[PDB]
Engineer: 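Take a look at the following structure, please.
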Amino acid sequence: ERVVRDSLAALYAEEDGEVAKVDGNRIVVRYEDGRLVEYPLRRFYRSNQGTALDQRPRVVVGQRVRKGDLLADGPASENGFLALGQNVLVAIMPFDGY
Amino acid sequence: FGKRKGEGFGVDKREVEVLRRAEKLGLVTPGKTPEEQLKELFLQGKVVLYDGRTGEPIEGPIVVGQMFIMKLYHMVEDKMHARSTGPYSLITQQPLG
Amino acid sequence: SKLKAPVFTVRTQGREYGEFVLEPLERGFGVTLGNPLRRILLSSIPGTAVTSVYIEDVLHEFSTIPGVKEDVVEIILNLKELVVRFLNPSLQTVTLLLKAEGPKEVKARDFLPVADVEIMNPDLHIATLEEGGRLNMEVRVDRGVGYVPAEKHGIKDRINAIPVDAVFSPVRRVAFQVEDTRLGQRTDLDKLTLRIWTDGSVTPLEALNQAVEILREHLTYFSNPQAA
Amino acid sequence: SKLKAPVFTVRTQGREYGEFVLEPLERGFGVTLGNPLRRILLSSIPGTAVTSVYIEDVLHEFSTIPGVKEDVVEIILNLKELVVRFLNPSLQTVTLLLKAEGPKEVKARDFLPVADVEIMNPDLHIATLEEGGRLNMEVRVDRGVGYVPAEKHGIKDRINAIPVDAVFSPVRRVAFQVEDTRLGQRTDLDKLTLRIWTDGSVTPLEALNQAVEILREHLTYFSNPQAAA
Amino acid sequence: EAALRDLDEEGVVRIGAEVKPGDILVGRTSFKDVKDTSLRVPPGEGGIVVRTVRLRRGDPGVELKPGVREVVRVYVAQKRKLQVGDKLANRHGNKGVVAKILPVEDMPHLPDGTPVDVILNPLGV
Amino acid sequence: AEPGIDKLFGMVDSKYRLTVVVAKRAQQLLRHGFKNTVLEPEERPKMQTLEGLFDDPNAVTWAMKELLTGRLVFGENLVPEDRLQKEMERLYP
Amino acid sequence: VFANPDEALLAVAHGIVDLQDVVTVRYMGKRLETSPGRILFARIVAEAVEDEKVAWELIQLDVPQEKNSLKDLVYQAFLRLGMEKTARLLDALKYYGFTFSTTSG
């Protein structure tokens, strides 16, 4: 979680507030200050190495968000945790020389 | 195992054969019920496994579990390359790299 | 000392789970019967799958829709979990139409009814629409067998349609259990139990019957010896 | 779009060896057909075997016979390889009697003829008698399936009889191989090769046909659910 | 016209078109009375065209090199699935190339019917 | 392994001489369109395609088979090259 | 006590004995106190080299087959039979080794 947070890849709520608008390219949040803040989302962007880095919203309209709460997941992130691969069922055994 | 026992199933014959083999291998203690030996194998991280091609079990218990695995940036798609003829260099007149 | 014809027992749970017991069998015949049936059930049972998707104002899979939380890739991922039952054996392909406006939670039940077509998981979540968002979709569903990648079939009905990887198999899981039994004086006889989990499009009994028919047809092929 | 019916090819070496090729097949069907056929061929083909042996002046299988070079084990092992064919289906068990004396090479054909029974390998070597050696034996032959060890049945005509392991199976060995093959654009098809060694009483083709018929008869059992639990 | 289907009226491939090796992405002609010098997809590449960017002389903030009237860039996307020859690794230094993809019915499975997803050789430990 | 490779290796004093002989015989077969072969019509190397069995196009395989038959003579200074080629052309245009 | 290797391997196929059990088998006119697995290995070599006596001469029956014994077998097969038959033997060894490593557990 610290690795995900410190890379500035994901989006977190600046203050305590409530989510007003959610989209595949936009999140508009209404903070308790009364100020509307709109965060655009980076979508299908080419990295230096050709990989696609996009942010996907993880919040719903009307949801209450505290300070530091996750708003959108970055690339290789699952609910704010570093997600570099997949959890698979493995067996440790030889198999026909393959 | 309680899942299996609730549905009304006992120990498989193939599991009995594997338990005999593991008893010979020294992985379980002789004199216990098949469920106790199965639990001993499970506590060693090993389960009875069946071969999908034949349906017979693997002759010994096999380590099975969840593993975290990542795909690496080295992709065969970006590497496979072939040439018959093509561009040549200015001075040496030899194929480019 | 030949064995009497075994008894065959059927237990069913919904349209999705089935247990089929055959006992008593000779020693070793439990695996001999269970394994080929399991392989055929997991490999060769025909079913239905989503093969094509068209979305209005969408040009490719790598785009987003205004007013919709999920991108097209995630929408197609959700649509790949749709279970469609064809009530008619002759029916080969259908096109389901979806029209929705936000704010709402578009599920599989929001598809317009079609004759001789049923949706076995109407609660399956498809998309989330906010105020101002709209979703107009046309989903083409085909009959088939096996796993056919989108790059293989390449099915497009319109210019902007997106081909979808098709997983036609309706069977989700197959297990079989061989248990010890006896008959009078004989010992070490087999009792076979097949456990079949399907998606509800096809029942376990139907899948078992089709697997048995396929095995019988393949056994037929050993009937015409030819010289080498 | 289902694929054309496969081609079945045979290659027979006497009554003893056979190769059978089935191709092309759908992906994965090679082992799906090979494994059950191998199990049935090794386990369920009806046959005959020597099941018991009585020799006078012999108290157990670890004894010896004066006048005969071989010990009891060698005669029992030679009898294990005797191939006998029953001619009528009503016959179940047969006693074959062997009278021999004098310096001689006792072969299979020296057995006293019984009716509706045929020794397929009369040239098989049973024993060697020296001067002053005698051999009076009664071998009990039954019909069965598979392999049954002597201690499992333990059948004895009388108290001095020696039980013998019954190799009922007429099939001596089964091997099979699945190879990748292609037809047109498709490249994941299977070609299945089956090699069968029998003992000569049944040809490999007949054994394969019997195994296929057994599998079909077992598949017919999935039809009428008497029990509806 | 089979080679010019996906180009728009400005000579650039349209967004959403699928492109395969040999297909034209941007059309261009050079004074040879003109000859084909178009941009095509190199061998072993291609996919779906997702973006096009055009920069012309005079556009605010553009600093082209002298002599170049305009520049066109095309962004093409691919969805890559796991295939034979790809590299996988765990966090403990075990790395390997995928050598075989088996159907589900060939995989080893638990007695409850669940098949495994990956088979690792014990000789690496 | 190539069929009869042990015999071929035993037929010569040096393995490179075997390679040279095989290559030269393959060139001879290619030059005359396989009409100068010493193989009987049932020893010809075959190749299996969809239409049917045809002649093997690979001349090196033909050369090894011919060397196996033992009907070819090889050595140093057997015949002048020009006369050899002219005579070959005379028998096989 | 088995009359021939086929009977011993058939008994193995029926679960009577395992490949690692020591029994008595009659092979090549002799009574060998050996295991069905070693008999099977001998048969593998004999069928690979298409020669029963030479294969019997090449193999070391009374030891488990490991790296050094297999290397010595390959060298002796090369010397006695030639590289073509050595290649056949190597392919057979590879196939059977993979097959038995998969099911060994």
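In the text below, chain A, chain B and the rest are named by the order of the sequence lines, each starting its count at 1. Reckoned from all heavy atoms, side chains included, excluding hydrogens, waters and symmetry mates.
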Engineer: Surrounding CG of C:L87 (heavy atoms of other residues, nucleotides or ligands, distance under 6.0 Å), is the total greater than 12?
Structural biologist: yes
Engineer: Please say whether more than 12 non-hydrogen atoms of neighbouring residues, nucleotides or ligands are located less than 6.0 Å from NZ in C:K152.
Structural biologist: no
Engineer: Give a yes or no on this: more than 12 heavy atoms of other residues, nucleotides or ligands lie within 6.0 Å of atom CD of C:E118.
Structural biologist: yes
Engineer: With only heavy atoms counted, which part of C:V10 is less than 4.5 Å from chain D, the side chain, the backbone, both or neither?
Structural biologist: both
Engineer: Does atom CD of D:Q92 have more than 12 heavy-atom neighbours, drawn from other residues, nucleotides or ligands, at distances under 6.0 Å?
Structural biologist: yes
Engineer: For chain D, which residues of residues 15-41 of chain C have at least one non-hydrogen atom nearer than 4.5 Å to it?
Structural biologist: C:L22, C:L25, C:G28, C:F29, C:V31, C:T32, C:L33, C:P36, C:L37, C:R39, C:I40
Engineer: In terms of heavy-atom proximity below 4.5 Å to chain D, should C:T12 be classed as side chain, backbone, both, or neither?
Structural biologist: neither
Engineer: Is the CZ atom of C:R182 crowded by more than 12 outside heavy atoms at less than 6.0 Å?
Structural biologist: yes
Engineer: Looking at chain D, which one of C:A5, C:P6, C:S1, C:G146 has the largest number of heavy-atom pairs inside 4.5 Å, strictly under?
Structural biologist: C:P6
Engineer: For chain D, which residues of residues 213-226 of chain C have at least one non-hydrogen atom nearer than 4.5 Å to it?
Structural biologist: C:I214, C:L215, C:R216, C:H218, C:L219, C:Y221, C:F222, C:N224, C:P225, C:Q226
